[PDB]
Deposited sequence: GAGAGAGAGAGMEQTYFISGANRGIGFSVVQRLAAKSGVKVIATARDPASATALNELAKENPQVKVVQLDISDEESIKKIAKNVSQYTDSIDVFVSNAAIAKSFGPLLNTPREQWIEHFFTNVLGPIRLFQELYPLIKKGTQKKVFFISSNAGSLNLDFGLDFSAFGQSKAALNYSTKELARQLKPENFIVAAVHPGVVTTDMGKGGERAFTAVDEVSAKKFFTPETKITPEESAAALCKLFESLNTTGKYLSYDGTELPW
């Protein structure tokens, strides 16, 4: 079973790859913007050569244009796709959010994942599990009130949520399992190791498409 994970160099992404590298019969395509600086992940891949380290910047269309061939070097298929790489840089009031923050969150957090999926769709189509996870945020819900504003961050997660919902409908006949997942705050904060563990078991047990899920397996409103 081939897993693909964007942003595997640090955070939850690293913790998810750490966990898969201990699981027998798991090939892992792990991405980093800058693999030669990805010390922890390059070490992970040397001690566990089933872990393949590939370049991806999801903000960079030229990098996304290369991801299908970069993945194609190591596998004929993807079972479980995880769009994890993302940014969270702008919060607070709309009047105080400049153009560049709106633009950056759209390109990195919405366009990136849509283009990434478009490029890797043929490889996912040939796999067995056809499981597709976009790492989202509960802040992206149009129906939760945290007593906070999330500015471009929140808008970006809501935009990708909208398209994830549509993708779930569109791919249901091809028996794809498409989910948006809040990995927790790494609300009580959790360790990347804890988010990873919960995410892993969610990834294995999820059998229906079109869900918006917290890491604990409970549903969120869109």
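- Residues 1-13, 200-225 of the deposited sequence have no C-alpha coordinates in the structure.
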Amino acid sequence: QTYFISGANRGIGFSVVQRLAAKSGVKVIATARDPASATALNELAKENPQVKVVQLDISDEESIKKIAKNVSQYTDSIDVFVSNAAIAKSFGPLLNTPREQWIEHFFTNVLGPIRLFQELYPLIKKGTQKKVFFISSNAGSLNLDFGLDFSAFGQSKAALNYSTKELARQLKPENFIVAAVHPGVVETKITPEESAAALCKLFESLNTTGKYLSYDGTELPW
From here on, numbers count along this sequence of modelled residues.
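- As recorded in the PDB entry, 121-129 is the stretch of 121-129 and 147-155 with the greater mean C-alpha temperature factor.
- Look at the C-alpha B-factors of 110-118 and of 73-81. On average they run higher in 73-81.
- Of the candidates 168, 67, 160, 28, the PDB record gives 28 the highest C-alpha temperature factor.
- Residue 21 sits in the highest third of its chain by CA B factor, as recorded in the PDB entry.
- Ranked within its chain, residue 164 lands in the lowest third, by CA B factor from the PDB record.
- Ranked within its chain, residue 213 lands in the lowest third, by CA B factor from the PDB record.
- When all modelled residues of the chain are sorted by CA temperature factor, residue 177 is found within the middle third.
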